[PDB]
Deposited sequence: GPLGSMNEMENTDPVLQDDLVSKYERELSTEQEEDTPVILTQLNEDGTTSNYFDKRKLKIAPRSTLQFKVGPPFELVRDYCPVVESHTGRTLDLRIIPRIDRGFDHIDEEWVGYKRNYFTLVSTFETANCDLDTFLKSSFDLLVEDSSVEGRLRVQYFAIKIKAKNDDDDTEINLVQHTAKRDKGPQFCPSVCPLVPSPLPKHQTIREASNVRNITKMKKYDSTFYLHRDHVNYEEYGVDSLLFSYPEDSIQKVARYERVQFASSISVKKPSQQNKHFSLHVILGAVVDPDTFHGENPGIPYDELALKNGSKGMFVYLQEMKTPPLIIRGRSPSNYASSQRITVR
């Protein structure tokens, strides 16, 4: 009934079929590593502005809740939360040098203001976009929002155990413990080490995430999860790394900048999951039906 795999940090992922077994909402068995992501493609190259060297980038994503590996499929539930986290790394550039430098897109050169990640859900068979929704811990007693573009600096991806432990931290002391893992506070650096043109000082806010954490995410409540044939639809979750630029023929999305002008999230790399099945709200997807 429960299939167990050892995660890289020594935690376990425990895959069970919610049609055959109900587990408590807050059980650690609800936390598990989801499907691995694969490269879709690389898009616009990025180069350091004086040396001219190309920045070698890699998205590092993981799902830590909401998907089980059952009967050779990755399976999620429409009514339940999933968690998707990602960082990116720059193989040829250490963080401290990276934040002091400046980077252009090699399209003939747009300045990168900052790097950022966004997620999307798609119908994997036709590439149609599928709406995602997020809640706060308060769920219906709090606001719903759509996943947002998250400015990020490069960082290792925290272990599954760390994502787990930080999922519902209220206490102020425990927050301090995790702060350095999830955030870079720009206001706390020595300003005199940085040039006016440095990458770090073109990020939009002082609080910069090192890890994009999309928690309490759900497929929109209106998505059809089956085809007309009653076969299950196949969905996929995508992580896109972009460079935000000021636009004053390559793939990009428009973004509402801080100053209010229209910017461009210019695509740099994209990864995605293998096909995913999502089980709808029907009683037959649940063990209580039996």
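Original post:
Unmodelled stretches of the deposited sequence, numbered from 1?
Top reply: Unmodelled stretches, in sequence order: 1-37, 145-150, 292-298, 341-345.
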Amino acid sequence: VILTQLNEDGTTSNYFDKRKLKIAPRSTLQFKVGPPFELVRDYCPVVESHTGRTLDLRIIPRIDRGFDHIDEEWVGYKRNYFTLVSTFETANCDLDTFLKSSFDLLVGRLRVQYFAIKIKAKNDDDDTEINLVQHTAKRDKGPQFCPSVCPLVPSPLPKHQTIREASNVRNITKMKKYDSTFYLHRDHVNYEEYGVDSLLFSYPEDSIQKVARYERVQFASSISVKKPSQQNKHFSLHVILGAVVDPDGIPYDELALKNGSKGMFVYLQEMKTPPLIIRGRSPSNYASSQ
From here on, numbers count along this sequence of modelled residues.
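Original post:
Which of the two stretches, 73-81 or 89-97, shows the higher mean Cα temperature factor in the record?
Top reply: So the stretch with the higher mean C-alpha B-factor is 89-97.
**OP:** Would you determine, from the values in the PDB entry, which of 172-180 and 190-198 has the greater average C-alpha temperature factor?
**Re:** So the stretch with the higher mean C-alpha B-factor is 172-180.
Original post:
Per the entry, which of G34, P61, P228, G263 tops the list for Cα B factor?
Top reply: Max CA B-factor in the entry, restricted to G34, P61, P228, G263: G263.
Subject >> Selection from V244, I240, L29, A256 [criterion: highest C-alpha temperature factor in the record] >> reply: Highest C-alpha B-factor among the listed residues goes to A256.
Subject >> Third of the chain's Cα B-factor distribution that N232 belongs to, per the entry >> reply: For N232, the deposited C-alpha B-factor lands in the middle third.
Original post:
Can you tell me which third, lowest, middle or highest, the CA B-factor of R109 falls into for its chain?
Top reply: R109: CA B-factor falls in the highest third of its chain.
Subject >> Lowest, middle or highest third - CA B-factor, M271 >> reply: Tercile = lowest for this residue's CA B-factor.
Original post:
Relative to the other modelled residues in the chain, which third contains the C-alpha temperature factor of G249: lowest, middle or highest?
Top reply: CA B-factor rank for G249: highest third.
Original post:
Which third of the chain does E215 land in by C-alpha B-factor: lowest, middle or highest?
Top reply: It belongs to the lowest third of the chain when residues are ordered by C-alpha B-factor.
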